[PDB]
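The form deposited in one PDB entry is given below as one chain in structure tokens.
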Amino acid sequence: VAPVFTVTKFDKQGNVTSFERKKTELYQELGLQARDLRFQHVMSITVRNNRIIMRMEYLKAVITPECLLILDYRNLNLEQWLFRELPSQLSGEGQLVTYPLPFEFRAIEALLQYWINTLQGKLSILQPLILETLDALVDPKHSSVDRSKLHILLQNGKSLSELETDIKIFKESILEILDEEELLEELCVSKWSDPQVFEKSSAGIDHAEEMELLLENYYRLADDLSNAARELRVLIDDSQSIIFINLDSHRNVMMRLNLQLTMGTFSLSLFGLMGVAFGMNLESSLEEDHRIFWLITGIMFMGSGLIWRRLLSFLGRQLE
């Protein structure tokens, strides 16, 4: 019932072996204490007892001068990436540019490349959806917006905020290592494993310089990603403001038209009150007149028109 790790091991030749190992046995083999392998912090890079420990969300890796270990990889869809790219990248002529360099350089480059590719894929998925939703929402010919698109935009905005947080954490973790030279020196595990051998093995090539160059490359890539995400957020905010203004303008137009119709209706009712009063069954001295009916009707209609025009002019003066 002892806790165990599902370990995938890649040697210097690219060979891959998957098995399970007890936690205590792994601690004894790697020469590390338990507190080293807690993996409590997301996106942490550390060097303990000449071994590199890396965590990136769901990816947990341990780098040694002899081999690389991936821990707790199941149910993450990582099998395709592992078994189709890592043997080629570590022990081949793939996209890695650190082949003459020791193994740890290739391992770190592969891990950083995988994470940066994941982030780039997330952003490339997010961008078109947000762009098309914003384009649909800011259509000026729509009286009211579609609420399903609003919900979709809210979900995409939450996803974008999470992605931006991930990018910021990735940048900070790299920059912290880059700032201090001691960490860069510690990262060269092969050099410090056998210092006597590498004192003469290194043919004038500076391992710290190579590590700094690689980390600077990946930091710049992450910075570009962060800039793109920030621009997307700003665009979302501007589109929201434009939507608000459009809705207000539509409301104003509808209100003005309704007001004009109300003025017309009020004038019509006011001048029909005369006919209503004449319609009651009471005695009067105007029944005998012949032209009185047409005269009253004409006065009613002409006065309705004149008062409506006067009211419209008053409204125009008020609204300037």
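The term rigid core refers to the maximal set of C-alpha atoms that superpose within 1.5 Å between the two forms. The numbering used is simple: start at 1 and walk along the sequence shown.
What follows is about the form deposited in another entry, which we do not show.
With the core held fixed by superposition, the comparison between this form and the one not shown singles out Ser201 as the only member of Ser241, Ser249, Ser201, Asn77 whose CA moves by at least 2 angstroms. Remark: with the core as the superposition reference, the CA shift of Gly121 between this form and the one not shown stays below 2 Å.
Once both forms are fitted on their core, a CA shift of 2 Å or more is seen for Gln95 between this form and the one not shown. In contrast to the form presented, in the other entry the C-alpha positions of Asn217 and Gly204 draw closer by 3 Å or more. Between the C-alpha atoms of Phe39 and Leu96, a gap widened by no less than 3 Å is obtained in the other entry, as opposed to the form on display.
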